[PDB]
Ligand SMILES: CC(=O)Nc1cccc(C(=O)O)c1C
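One chain follows as structure tokens, the form solved without the ligand.
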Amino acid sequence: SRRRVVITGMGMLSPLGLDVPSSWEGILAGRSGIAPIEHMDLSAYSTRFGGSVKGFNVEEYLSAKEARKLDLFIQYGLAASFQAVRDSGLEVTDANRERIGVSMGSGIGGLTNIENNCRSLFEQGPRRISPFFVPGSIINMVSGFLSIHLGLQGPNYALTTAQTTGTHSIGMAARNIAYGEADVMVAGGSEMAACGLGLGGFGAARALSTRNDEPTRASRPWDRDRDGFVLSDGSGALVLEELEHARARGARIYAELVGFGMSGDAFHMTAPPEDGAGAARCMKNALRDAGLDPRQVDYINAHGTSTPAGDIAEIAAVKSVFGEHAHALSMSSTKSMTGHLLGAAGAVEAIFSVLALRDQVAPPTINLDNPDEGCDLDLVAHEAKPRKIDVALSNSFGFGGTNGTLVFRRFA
């Protein structure tokens, strides 16, 4: 037997806005967050654009002195997490602090910091490496710093499952609460890889869209002219809470987390299998986990990265899992607007899945001008679609063939 887990606070930094309601406003308007990257020489790079967080002010959250110690990915993680805790109204007390934990992850961690400390190392030698290099760059420091700032003494950890991080972080946090290891968890992910090493590293594998002329049209999941993913920055955090705990203090409940699925493709380091066999098993696992029949699913927030092999794999997976229901559900890539926030993708897409439930609206797949061969599902081309949504899925399918699926349900 198992406790029920609800969403009582959400927080976000995205290429679309500095919080949830502003990000969600852009999502439903089909606005693009993608733009050429500024204050950075990308002359020798084949990709010169992505989704930046615009106008982030870390001094709303931290002193200038504490923020100087921390990589951007950690700043962004703390911002979404502080937002999510404030959004929840939860009061931390000596009576509950041991029951409140954190699992905020990252796919790639502190590349920006690693790059600036490399610059100092090569130019001037090791004696110019920042004393805060290690604690200021390691992925578990969003969980670390958040626990220290708020006095959280519950489970304290960090996932790193590349592009699956945010989905796994939220799912495993839900498990902690369901099986009684915590009553509250702050979970999600953050990322800032759209630095030299992120653009160069992914650009070297030719994984990135090179559509420098039309950056807002670059991210075009299931469109026959897609040429790979758009690199994006930001964070999502959710406050996950045991139902009775949330009801007792009179929390505002956005939605219930009913289902979590995991699988491994065991196929290829970067490419999914053509038929999405792994993504199929993971969605089936998530629906079994939630005790739901595939027929009950109304809305899927796809992984939808705009990679040719990735997008077609997800069409196959859904047709295989949903059979004659596959056309009835709506499925959209919000990455058409946000780009791919990698380890944070699952976190911001879980929030969009929750908000699709609250507002009864499927977010668009923008730029889906010419669906590809086989891409005949309801991919919500171009514009948001108001519709009935009781059950929403959020999928992540990342490098190493690691799969995550979250099942959200309306709560009333």
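One rule holds for the numbers: they count along the sequence shown, beginning at 1.
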Quick note on 34 to 42 and 363 to 371: per-entry mean CA temperature factor is higher in 34 to 42
The stretch carrying the higher mean Cα B factor in the deposited entry, 384 to 392 or 400 to 408, is 384 to 392
Note to self: of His168, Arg99, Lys335, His268, the C-alpha temperature factor tops out at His268
Reading the B-factor column for Cα atoms of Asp71, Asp183, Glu191, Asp223, the highest value belongs to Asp223
In terms of its chain's C-alpha B-factors, the third that includes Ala174 is the lowest
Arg295: CA B-factor among chain residues, third -> highest
Split the chain's modelled residues into thirds by Cα B-factor; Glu314 lands in the middle
In terms of its chain's C-alpha B-factors, the third that includes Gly261 is the lowest
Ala328: CA B-factor among chain residues, third -> middle
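Heads up, the form solved in complex with the ligand isn't pictured, but that's what we're talking about next.
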message: Since only the chain is shown here, I'm wondering whether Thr307 would be in contact with the ligand in the deposited bound form (any heavy atom pair within 4.5 Å).
response: yes
Note to self: Residue-level contact is defined here as any heavy atom of the residue lying within 4.5 Å of the ligand in the deposited bound form; does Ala271 satisfy this criterion?
What the structure shows: yes
| task | Mark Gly398 yes when one of its heavy atoms lies within 4.5 Å of a heavy atom of the ligand in the deposited bound form, and no otherwise. | result | yes
Quiz item: Looking at the partner-bound form in the deposited bound form, is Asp265 within 4.5 Å of the ligand by any heavy atom?
Solution: yes
Across 136 to 172, the residues having a non-hydrogen atom within 4.5 Å of the ligand in the deposited bound form turn out to be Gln163
